[PDB]
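One structure below.
There are 4 protein chains.
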Amino acid sequence: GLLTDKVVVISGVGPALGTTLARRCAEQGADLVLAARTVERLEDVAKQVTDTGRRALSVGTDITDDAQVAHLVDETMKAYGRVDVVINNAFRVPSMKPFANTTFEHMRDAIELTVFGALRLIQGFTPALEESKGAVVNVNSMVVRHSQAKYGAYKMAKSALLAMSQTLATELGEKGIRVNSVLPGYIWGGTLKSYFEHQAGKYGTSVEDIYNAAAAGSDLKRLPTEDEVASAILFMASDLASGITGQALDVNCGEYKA
Amino acid sequence: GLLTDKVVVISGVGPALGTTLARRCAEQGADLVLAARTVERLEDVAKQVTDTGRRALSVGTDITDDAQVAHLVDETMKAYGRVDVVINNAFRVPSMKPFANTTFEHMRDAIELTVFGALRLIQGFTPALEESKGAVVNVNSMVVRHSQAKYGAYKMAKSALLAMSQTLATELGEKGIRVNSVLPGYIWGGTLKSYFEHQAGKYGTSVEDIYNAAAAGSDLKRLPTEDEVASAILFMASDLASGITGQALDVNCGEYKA
Amino acid sequence: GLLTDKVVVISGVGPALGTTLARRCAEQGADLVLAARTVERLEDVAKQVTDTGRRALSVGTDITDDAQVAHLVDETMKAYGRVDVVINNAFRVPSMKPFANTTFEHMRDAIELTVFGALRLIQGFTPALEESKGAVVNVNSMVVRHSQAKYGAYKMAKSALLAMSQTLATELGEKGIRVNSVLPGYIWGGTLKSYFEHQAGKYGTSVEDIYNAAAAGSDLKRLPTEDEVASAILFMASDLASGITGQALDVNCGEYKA
Amino acid sequence: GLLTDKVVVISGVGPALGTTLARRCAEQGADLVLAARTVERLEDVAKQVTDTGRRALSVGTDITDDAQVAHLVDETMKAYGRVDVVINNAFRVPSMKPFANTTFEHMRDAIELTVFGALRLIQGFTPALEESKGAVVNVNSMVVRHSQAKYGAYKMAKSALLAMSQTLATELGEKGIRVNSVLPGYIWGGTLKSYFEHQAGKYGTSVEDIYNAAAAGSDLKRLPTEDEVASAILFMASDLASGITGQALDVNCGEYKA
Ligand SMILES: [Cl-]
Ligand SMILES: [Cl-]
Ligand SMILES: [Cl-]
Ligand SMILES: [Cl-]
């Protein structure tokens, strides 16, 4: 029972880590608020939550919009009257392009969602988190640990997010609110597998070849799973981490070390 | 039950974090091996373990000595037949001296205990950890995050340990063995309180003054507790962290961020 | 003669570091392109350059505008026919506000100037830098080394810039173009002195008090001067640094170490 | 004239970087003290120095021995009466072995030379450096930026050295003494070429294959040269770097970024 009787808000619930996270939080005793633009996706996630016997509030939210984040906060406080944890899940799909071929509009949009969206959420729920002495976990990315070609827009936005997360730990720490980051690389599950299958066919190779190439830089020679990344997020969200704020915990089977 | 039916070896069991850690591992379902030079100290820790209903093997061990580490391994394998976790606890008491006034003998001894001792332990238990696909947690220190005057010998040894821990994650990762570090600053409990009381009298001030000065750089304006640092170590030792190796997790209430 | 017969473009020429930099580059044998929004400021800087016997091209440029950066490139290539160095000087004045009181518009504008402006410049001059196997120096900030309250918008933009600079080293390195950053804290000179004088009067203290407080975290107990920061930038721009790319060189008298 | 009328002590003068460094310092106007165990090697380096018209004092010194470092200091002060720069050059040849196969004696010896030797030198020359407000440059290594298998003993010693260098910047900064590090990877020149030739024959491949493999991780797809690493050291030793202390400057053509 890591999260018994806590309310956890997850923004950016997709079919992969987001769904695993919602399920895992519920298994650990949390009730959920699920936020995403497309509310049809939240329906099955909510079922996995309610199957554990917990509650799920699903709220269609564009976190780039002030009114919509205000509505999410209002609906949450109406349904539960409290928030213990806010998780900003990394939903936006990165495009591998060198900066030379990346549009400025794309990078502005990436910052809008990844940085300002997360800030809007955190700020919206600051009053709730002040009362609960709660925790924020921002899902970041291994991309901040390297400078590989074509990862620039993604590294830029994620780096701005990491920097913001760090300042927020300082600024919200006097209210007793913890703010940490979890930095996964590739995350193995059904979604990444389908993607590797597409890549395998498109490049005339095997999924094993693609998987092994992706995992080769790691110490363990395996990619972390959705559950393994979720476990790190749950730890940071929980009272096991009550002494921990301002930190980035990398979940990457050792590929980059910090 | 984070550590149900696991065997955990703790080296460097003292009255503070070490004792809390042993107790907490046992509460989470682990049986213990307790190693320290002074075996009289292990007696009360073993009682806290056996009070939870688990088992404790106490073995007097100078981890700077090959024969004594070999004996610890032999006694552990005779008693339990397996090891899932090795924790190298930071026992050695640092002396605040500028390098100019630090003896070379002191620094050699610090490296001997903090670095080579930990390596000797890890190597001794590598065969056991290979079979269990186990985990190593090395307790390091916040000192590696700054360069403050008089912390040099301590930062040097701890930095060498961190570097070694990182290489060990690479080298032992192919055997499926995880290696991580936990980096606490000051750790609040009975031991640190007595120390602050001594300092308070010796400098004509209050414990509150000393505590608040120590905590002022943190985001949360509190020092982490023995339990909070223990929780981080338990997480890293557990299967919740099965996707995590080569990492340093700082438990410092935000004073330094990484 | 560090920069003999090289052409150096400086964007963001202000009264402080920018003016010192232009003068110093010219003293080292460079001809200059000076770019800023307000062209009246470029007049006196150009005189300091031409007093050394070198040439200065002054071009009013809003580096947030595609057409204006295109014009700067065209005018430079018309006047000099080459570019060896591009320096993106940190001009924008940060406002100390917690994130909670910072407008999203302000942060978008900070990113626009500090990040996208610098990228636009670098991209505009990529063809020139390819031919010269030239160098880019982005002036960043000590703020990326800490998470102090009220520095958030500034740290966010500067961090995004640092991340971008690092990826650009990878992406432009195959064309033989070097990209490095110089990270100053406070920079002592006439401009910062006037500012400390304002602060001194407004807080009822001395300039010495303010200066000493600002310098207290440093190892040397002094702030770096405009010349000292300029020297670091000149080194990185020069062939002395031909083995160096992707690096951040902090000029802060030891306050933060990397 | 970066070092006009300065006295530069170089410890660990070998046939590669050390010889290039001595020559380059002399070309920039410095007089030299050359220290190494084997004094026969110092003879040709001293000739390259005196060919520039400067002076070279050659002193056979085991920097692991107190009396011998005391003698080096005494001979230097007798010959020149001052020291402006101390450079601890990385001489010791690393053995690629996993920790499991590395003897403790080897690692103690590596620390003795790389860490304690450098400290002994710095301390011996502290009185001289106090008077000159001088500078220390410790030649470190790219190995501190990664955790690759078999580099453990080398990373451990170099990491301890980096940590020590950082504390020394704090501790000696109040005397106005600067302390920085230069972190090269492979360094191209006659010595490394012979080594690649040996490897080429022993593995049945070309020097080009070996060179290109070594350079593949870099941004520039070339290894830094002895001159390029020397240039970085000269910069850090010089008054161009008078605002810079406590810093590590990586000279690696972009392979690792900090
Ligand atoms: Cl998702
Ligand atoms: Cl203890
Ligand atoms: Cl300026
Ligand atoms: Cl050498």
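The listed protein sequences derive, respectively, from chains A, B, C and D.
If you're matching positions, the first sequence starts at 3 in UniProt numbering and goes up one per residue.
If you're matching positions, the second sequence starts at 3 in UniProt numbering and goes up one per residue.
If you're matching positions, the third sequence starts at 3 in UniProt numbering and goes up one per residue.
If you're matching positions, the fourth sequence starts at 3 in UniProt numbering and goes up one per residue.
The beta-carbon is built from N, C-alpha and C at its ideal position, and this holds for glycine as well.
beta-carbon residue i near ligand 1 non-hydrogen atom, thresh 7 Å
{"i": "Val139 of chain C", "result": "no"}
{"i": "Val35 of chain A", "result": "no"}
Ligand 4 heavy atom lying under 7 Å from the CB of residue i
{"i": "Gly20 of chain D", "result": "yes"}
Coil, strand or helix - residue i by DSSP
{"i": "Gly62 of chain B", "result": "strand"}
{"i": "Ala92 of chain D", "result": "coil"}
{"i": "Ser240 of chain D", "result": "coil"}
{"i": "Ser13 of chain C", "result": "strand"}
{"i": "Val51 of chain B", "result": "helix"}
{"i": "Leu36 of chain D", "result": "strand"}
{"i": "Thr227 of chain C", "result": "strand"}
{"i": "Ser183 of chain A", "result": "strand"}
{"i": "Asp46 of chain D", "result": "helix"}
{"i": "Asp68 of chain B", "result": "helix"}
{"i": "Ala250 of chain C", "result": "strand"}
{"i": "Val41 of chain D", "result": "helix"}
{"i": "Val87 of chain D", "result": "strand"}
{"i": "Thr6 of chain D", "result": "coil"}
{"i": "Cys255 of chain B", "result": "coil"}
{"i": "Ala234 of chain A", "result": "helix"}
{"i": "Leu222 of chain C", "result": "coil"}
{"i": "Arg25 of chain A", "result": "helix"}
{"i": "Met98 of chain C", "result": "coil"}
{"i": "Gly245 of chain A", "result": "coil"}
{"i": "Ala171 of chain B", "result": "helix"}
{"i": "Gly31 of chain A", "result": "coil"}
{"i": "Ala81 of chain B", "result": "helix"}
Ligand 2 heavy atom lying under 7 Å from the CB of residue i
{"i": "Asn91 of chain B", "result": "yes"}
{"i": "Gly203 of chain B", "result": "no"}
{"i": "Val51 of chain B", "result": "no"}
{"i": "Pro17 of chain B", "result": "yes"}
Within chain D, partners of residue i - CB distance below 9 Å
{"i": "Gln249 of chain B", "result": "Near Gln249 of chain B there are no residues of chain D at all, since even the closest Cβ is about 11 Å away, more than 9 Å."}
Partner residues on chain A for residue i, Cβ-Cβ distance less than 7 Å
{"i": "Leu222 of chain B", "result": "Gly175, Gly178 and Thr247"}
{"i": "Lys160 of chain D", "result": "None at all; the shortest Cβ gap to chain A is about 16 Å."}
{"i": "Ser149 of chain D", "result": "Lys259"}
{"i": "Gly20 of chain B", "result": "Neighbours of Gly20 of chain B on chain A: none; closest Cβ ~17 Å, over 7 Å."}
Interface partners of residue i on chain A, CB under 9 Å
{"i": "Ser143 of chain B", "result": "What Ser143 of chain B touches in chain A: nothing, since even the nearest Cβ is about 14 Å away."}
Cβ-heavy atom distance, residue i to ligand 3, below 7 Å
{"i": "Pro186 of chain C", "result": "no"}
Within chain C, partners of residue i - CB distance below 9 Å
{"i": "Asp252 of chain D", "result": "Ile246, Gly248 and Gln249"}
{"i": "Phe127 of chain A", "result": "Those within 9 Å of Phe127 of chain A in chain C number zero; the least Cβ separation is about 12 Å."}
Per-residue contacts from residue i into chain B (C-beta, under 9 Å)
{"i": "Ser233 of chain A", "result": "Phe237, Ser240, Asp241, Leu242, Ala243, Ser244, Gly245 and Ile246"}
{"i": "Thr193 of chain A", "result": "By Cβ distance, chain B contributes nothing, its closest Cβ being about 16 Å from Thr193 of chain A, past 9 Å."}
Neighbouring residues, chain B, relative to residue i (Cβ below 8 Å)
{"i": "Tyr82 of chain D", "result": "Result: empty, since nearest Cβ-Cβ is about 23 Å, beyond 8 Å."}
{"i": "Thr227 of chain A", "result": "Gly245"}
Within chain D, partners of residue i - CB distance below 7 Å
{"i": "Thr78 of chain C", "result": "Per Cβ cutoff of 7 Å: no residues; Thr78 of chain C is ~25 Å from chain D at best."}
Chain C residues whose Cβ lies nearer than 7 Å to that of residue i
{"i": "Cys255 of chain D", "result": "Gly245 and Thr247"}
{"i": "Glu230 of chain D", "result": "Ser244 and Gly245"}
{"i": "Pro100 of chain A", "result": "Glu173"}
8 Å Cβ cut-off: residues of chain A touching residue i
{"i": "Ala171 of chain B", "result": "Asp221, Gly256 and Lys259"}
{"i": "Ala92 of chain C", "result": "What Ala92 of chain C touches in chain A: nothing, since even the nearest Cβ is about 16 Å away."}
Interface residues of chain B facing residue i [CB-CB closer than 7 Å]
{"i": "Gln168 of chain A", "result": "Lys259"}
Chain-ordered chain D contacts of residue i [CB-CB under 8 Å]
{"i": "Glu133 of chain C", "result": "Within chain D, no residue comes near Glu133 of chain C; the closest Cβ sits about 16 Å away, beyond 8 Å."}
Which whole runs of the beta strand (DSSP E) in the segment 104-169 of chain B are 3 residues long or more, in chain order? Within the segment 104-169 of chain B, the complete beta strand (DSSP E) runs of at least 3 residues are 137-141.
Minimum length 4: unbroken alpha helix (DSSP H) runs contained in the segment 175-220 of chain B: Correct list: 192-204 and 209-217.
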